[PDB]
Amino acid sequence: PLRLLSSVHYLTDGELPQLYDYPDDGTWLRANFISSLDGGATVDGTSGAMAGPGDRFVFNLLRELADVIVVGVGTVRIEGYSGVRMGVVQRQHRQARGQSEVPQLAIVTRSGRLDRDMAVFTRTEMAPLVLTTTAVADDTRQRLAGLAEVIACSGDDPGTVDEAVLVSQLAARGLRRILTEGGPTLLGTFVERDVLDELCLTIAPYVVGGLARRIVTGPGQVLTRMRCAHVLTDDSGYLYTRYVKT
């Protein structure tokens, strides 16, 4: 019943993008996260200490493939999100696939309370979207004039964000290939609301002990079955996994 996995194929920068290609059409919400063996998502507030050159390479690839990168306001404040940076060949590849040179960033906030000089607004080639509620969309739009496109993502309830509506709002703007990088509250809502199509997860070969949070937080509790699409590795013992619903 059990099979040993081992390295069978060295990947070229030609086949690697193929492994992480989005579907032909339709919207697709992919998450990319890293965590330790004992399930911790941070080493001192951030993920980076666990990320080596392999994970950086995968991380930048997934950004290169995406139409839009969706992130919660907390992770934007804490990981210090600036704009999305794309190098020359990355821009070239994107153009080859019919995409803009650099993917958009979309910042999720229920409150709408964002400030004008954040790096997402300042250190950026392309103005970001702000995904918020019907209730606060107009005021938010007014405060962030010239800095960001503000989009109401409410469903039945004008005072909350409906995550399926959020996804539809991106799709309607031609941004159907979606990548989210967190943080844990937002991922938690995508999981709880069952709109996550795929999770790419880097399993870093460390144990970090009990303090760290998981890659998801919140009161949500589900049991969503995924299919293992692939597992990659490198020389340092990292596992780069891709799982797809259902």
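Throughout, rigid core stands for the largest set of C-alpha atoms superposing within 1.5 Å between the two forms. One-based numbering along the sequence shown.
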| query | finding |
| --- | --- |
| Stretch with greater C-alpha deviation in 6 other deposited structures of this protein, 163-171 versus 118-126 (rigid core superposition) | 118-126 |
| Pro158 not built in a third or more of the other entries | no |
| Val102 dropped in a third or more of the other entries | no |
| Which of 51-59 and 216-224 has higher mean CA B factor, as the PDB entry lists it | 216-224 |
| Greater mean Cα temperature factor according to the PDB record, 80-88 or 165-173 | 80-88 |
| Out of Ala137, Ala119, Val102, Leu105, highest CA B-factor residue | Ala119 |
| C-alpha B-factor winner, where the candidates are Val130, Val71, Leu147, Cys153 | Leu147 |
| B-factor third for the C-alpha atom of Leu19 within its chain | middle |
| Ranked C-alpha temperature factor of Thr46 among modelled chain residues, by third | highest |
| Third of the chain, ranked by Cα B-factor, where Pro205 sits | lowest |
| CA B-factor placement of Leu239, once the chain's modelled residues are sorted into thirds | lowest |
| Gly26 - which third its CA temperature factor falls in, relative to the rest of the chain | highest |
